[PDB]
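>>> structure here, sequence nowhere to be found:
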Ligand SMILES: Nc1ncnc2c1ncn2[C@@H]1O[C@H](COP(=O)(O)OP(=O)(O)OP(=O)(O)O)[C@@H](O)[C@H]1O
Ligand SMILES: Nc1ncnc2c1ncn2[C@@H]1O[C@H](COP(=O)(O)OP(=O)(O)OP(=O)(O)O)[C@@H](O)[C@H]1O
Ligand SMILES: [Mn+2]
Ligand SMILES: [Mn+2]
């Protein structure tokens, strides 16, 4: 085991920002890489086709400024960063991209933009742990 | 975030053994500590002399397995605090992670049951949902 390549999927939520702290903690003196991923949920997005395309382009643009600030923070600590924005089902794309990129670990929050108090584990994290064969570091949301 | 103190709860399963490689990968140049914990599940003990006999055999078997893990961890330079308790595994792991002030819990996705159809063991599901500590879930073999 060596944690050379990390997958860090973010939905720009407060809990995902806690998980960024842990991505930064994995830095050593060796060379390391972060796959920085945001998924635009296609289910939410749902001529007709023309309208869909234009809408998908708008969500993308609106996620680029957030991704650039994170990419710069991570580059400043010494990582190489591959940033990806993709339209699709979030838990499926995280699992697919962790396998395609050959990562050593996925570091993610326990909760995300919904963060309902009664829910004790978000559905993207629960599906990624159950469906991926990669190690998953689950960083918990703030206390109360 | 600094991973100075790790809680490594083991049931001595094959998936827990995979998780032990990840505990060793957390070693750096700095002083690190592992809380090595084994819970004897009280629900599998619950005639009274039969219980004590079973209890003793489980404690004896746990101490023998824990001694070898402890040395393997000390050999890579950890300080190890080894703990054996009788109780409910997920509850004891949540409680001892808090009481020891660990930085992270490193554990398997599955354990001694390891049923193919089950995609996350109930100990790990409970610890993720009840603990506020970061949890590194190490998955079972793909075989
Ligand atoms: N669209 C996404 N793109 C990338 N990562 C995401 C996305 N959505 C969630 N995540 C990741 O999953 C973690 C857990 O958030 P999750 O979405 O499961 O929780 P939630 O929003 O509280 O619950 P739910 O979506 O089930 O209502 C996040 O901290 C983030 O790391
Ligand atoms: N009694 C225990 N003591 C310490 N750690 C344990 C104990 N039982 C399980 N664990 C931890 O939990 C991880 C996940 O095992 P878990 O018990 O949840 O899976 P399982 O045995 O396949 O399923 P289940 O117990 O629900 O039948 C193990 O790899 C280990 O790290
Ligand atoms: Mn969500
Ligand atoms: Mn078990």
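Yes, it's here. Residues are numbered from 1 along each chain as shown, chains lettered A, B, ... in the order given. Ligands and ions are numbered 1, 2, ... in the order given.
>>> please report how far the most far-flung residue of chain A relative to its centre lies from ligand 2.
When each C-alpha in chain A is compared with the mean C-alpha position (CA atoms, centre = their mean), residue A:47 comes out farthest, at 31.8 Å. Distance, residue A:47 to ligand 2, using CB to the nearest ligand atom, to the nearest Å: 51 Å. Quick note: C-beta positions are derived from backbone N, CA and C, even for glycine.
>>> same check on residue A:112?
For residue A:112, the distance to ligand 2 - CB to the nearest ligand atom - is 24 Å.
>>> residue A:105 now?
The gap separating residue A:105 from ligand 2 is 17 Å, by CB to the nearest ligand atom.
>>> over to residue A:64?
Taking CB to the nearest ligand atom, one finds residue A:64 at 39 Å from ligand 2.
>>> for residue A:130, same thing?
13 Å.
>>> what's the burial count for residue A:46?
7 (other CB atoms under 10 Å in any protein chain shown).
>>> would you map the helices across chain A?
A:14-25, A:42-45, A:48-76, A:90-101, A:123-131 (DSSP state H).
>>> how about those helices in TSV, adding distance to residue A:137 and mean neighbour count?
Converted to TSV, the helices of chain A look like this (distance: least, CB to CB, whole Å; neighbours: other CB atoms under 10 Å in any protein chain shown):
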stretch	distance to residue A:137	mean neighbour count
helix A:14-25	6	19
helix A:42-45	26	12
helix A:48-76	16	12
helix A:90-101	12	19
helix A:123-131	10	20
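>>> what's the closest of the ones you listed to ligand 4?
helix A:123-131 (16.1 Å; CB to the ion).
>>> remind me what that closest one packs against, helices and strands.
helix A:90-101, strand A:105-109, strand A:136-139 (3 or more CB pairs under 8 Å, 6 or more residues apart in numbering or on different chains; DSSP states H and E).
>>> quick one: contacts of that helix?
A:9, A:11, A:90-91, A:94-95, A:98, A:106, A:108-112, A:136, A:138, B:109, B:119-120, B:137 (CB atoms under 8 Å, 6 or more residues apart in numbering or on different chains).
>>> one more pass at 6 Å, please.
With contact meaning CB atoms under 6 Å, 6 or more residues apart in numbering or on different chains, helix A:123-131 is reached by A:90-91, A:94-95, A:108, A:110, A:136, A:138, B:119-120, B:137.
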